[PDB]
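J.: Below you'll find the structure I mean.
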Amino acid sequence: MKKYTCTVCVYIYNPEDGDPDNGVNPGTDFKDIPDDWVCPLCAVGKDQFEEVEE
Ligand SMILES: [Fe+3]
């Protein structure tokens with residue numbers, strides 16, 4: 001699983017942490033996050049994220 005970075009703020013989604021306060025368990029792939037999830041810092045949608053290539 002890849003990290004996905006917000007394109008408009010510094011937030012980085014890390015699958016290992018998930019986003020449990022917003023319902024996303026640890027170990028959740030970015031593609032499986034619910035469609036209405038948003039960036040916890042700037043509130044934009046998943047369509048504004050990019051894969052962090054390795
Ligand atoms: Fe953001």
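A short reminder: the numbers here are calculations on the coordinates, not readings from a lab. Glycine also receives a Cβ, built like all others from the backbone with ideal geometry; neighbour counts cover every protein chain displayed.
J.: Just grab the label-to-label distance for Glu54 and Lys31, each label 7 Å out from Cα along the Cβ direction, in nm (one decimal).
T.: In this crude spin-label approximation the distance works out to 1.5 nm.
J.: Ranked by Cβ crowding within 10 angstrom, fewest neighbours first, how are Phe30, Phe49 ordered?
T.: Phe30, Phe49
J.: With +1 on the Cβ of every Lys and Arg and -1 on the Cβ of every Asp and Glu, and nothing else charged, how large is the dipole of the chain about its Cα centre, in debye rounded to the nearest 20?
T.: With only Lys, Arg, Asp and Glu charged at Cβ, the dipole is about 100 debye.
J.: Determine which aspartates and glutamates satisfy two conditions relative to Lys46: a Cα distance under 16 Å, and not lying fewer than 8 residues away in the same chain.
T.: Filter leaves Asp19, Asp29, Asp32, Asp35, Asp36.
J.: Starting from the Cα of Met1, step 7 Å along the direction of its Cβ; do the same at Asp21; then give the gap between the two resulting points in nm.
T.: Taking the simple label geometry, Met1 and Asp21 are separated by 1.9 nm.
J.: Along the Cα-to-C-beta direction of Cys42, a point sits 7 Å from the Cα; which residues of region 10-36 have their amide N less than 14 Å from that point?
T.: Of the residues in region 10-36, 10-13 have backbone N under 14 Å from the label point off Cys42.
J.: Looking only at Cα atoms, what is the convex hull volume of the chain per residue, in Å³?
T.: 73 Å³
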